[PDB]
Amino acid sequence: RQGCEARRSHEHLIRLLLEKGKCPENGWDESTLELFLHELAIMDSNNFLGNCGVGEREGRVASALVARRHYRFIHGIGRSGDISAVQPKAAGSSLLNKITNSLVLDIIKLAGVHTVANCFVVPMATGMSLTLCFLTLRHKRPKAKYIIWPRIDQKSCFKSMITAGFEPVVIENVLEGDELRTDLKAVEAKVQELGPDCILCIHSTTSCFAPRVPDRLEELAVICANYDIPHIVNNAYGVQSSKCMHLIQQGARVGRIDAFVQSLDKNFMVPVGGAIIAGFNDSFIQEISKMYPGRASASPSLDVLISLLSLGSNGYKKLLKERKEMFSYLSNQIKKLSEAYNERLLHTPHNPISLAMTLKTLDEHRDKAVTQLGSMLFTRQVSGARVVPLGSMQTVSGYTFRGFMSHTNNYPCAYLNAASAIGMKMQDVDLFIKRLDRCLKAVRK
């Protein structure tokens, strides 16, 4: 009786989640999290005790390892002709989906975009979620053939436009200092050259590898509002960046943003394979949702549910704070290391996540040193250290890129990337710095 009244303490955390839909401020104990998950899972028809199933999709599970690791959630999210709809044969999974979308909406606000109207989790990654946006827009703009796209050398967001069946119009960037930024003149020149009606959307990018910086979203959103063109923003890993989220918030204030897309793994530290589509026009975000054919995985949504309830909005905020500190620390360590090898930290103040160290002192043409550096870093187990040499030609779905991975035809120098992304620890920078040192010292030869 002291405990059956102490169970009330759990039930109250749970009631609070379902009533107001926001993140817990402080993370739930696992005991509460798992109790909740079990409460939901037994709401799905496949877990009923007196159930019989005479259909073709009944959520039957052949292996107990599979049923357990998914907390007995088998029916996925949505129904046949709506990914947004309650599934009567899975009441528990449907509530799971509603709660996750509502938590993620809360975190998108807390992270910067306070005026987001609606969003939903979609169990495909960011590139494919961008594609779903483009496929939704086709029906709205049946005459459109082109997507105007300020260049960023990332194969997934590029292919997303081609997979959707449109032609990307690659707008090269302008080099301002060390930074590569949006060529606003060319974007509007192209809008006028091709004609608004022939434009499906402008496709911009906020999170990206230095020396590129987040696109000028405010200006681009003004162009988009003026010419009545849809604006789609690739916010692949920018939820973690108050600067990135600011732009989106501001771009929607000054102008037009139809949807912005985010990755779950890059922003929430869960496995790869999910994304969020969010926007400001409520009915439109619903339209993208209703364009998804069939049911989908509940796995990315369960990971996000589990992570945000465990972290709480305080735990998430702490991760974001720690990311800013590690950026400075990484930045200062790159500064110090570079100076010793007569290189420098490229000046890229407008990129809040990514950094670049020059590699001018390595000769790729004669000693292949730049490429060797990337190998040595990889065999010495440094992960995510993107090395970028000059003059790489690369073909991606037909389109040829000169100076590929550098985001422009002729960047001044070869360089090396490093980033401070959510969840990085001091050990990461120190090991990176130490091992980059050993590598440089060795390429001197």
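Numbers for residues come from their place in the sequence shown, where the first is 1.
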**Request:** Decide which of the stretches 82 to 90 and 106 to 114 has the higher mean C-alpha B-factor, going by the entry.
**Result:** 82 to 90
**Asked** In the PDB record, does 342 to 350 or 363 to 371 carry the higher mean Cα temperature factor?
**Response** 363 to 371
**Message:** Using only the C-alpha B-factors in the record, can you name which of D215, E188, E176, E172 has the highest?
**Reply:** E188
**Asked** From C224, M128, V122, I152, pick the one with the largest CA B-factor in the entry?
**Response** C224
**Complete:** Here the Cα B-factor of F158, set against its chain, lands in the third termed lowest
**Asked** When the modelled residues of the chain are sorted by Cα temperature factor, does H246 land in the lowest, middle or highest third?
**Response** highest
**Item:** For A62, the third of its chain into which the C-alpha B factor falls
**Value:** lowest
**Asked** Ranked by Cα temperature factor within the chain, is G312 in the lowest third, the middle third or the highest third?
**Response** lowest
**Position of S406 among the chain's modelled residues by C-alpha B-factor, lowest, middle or highest third** = highest
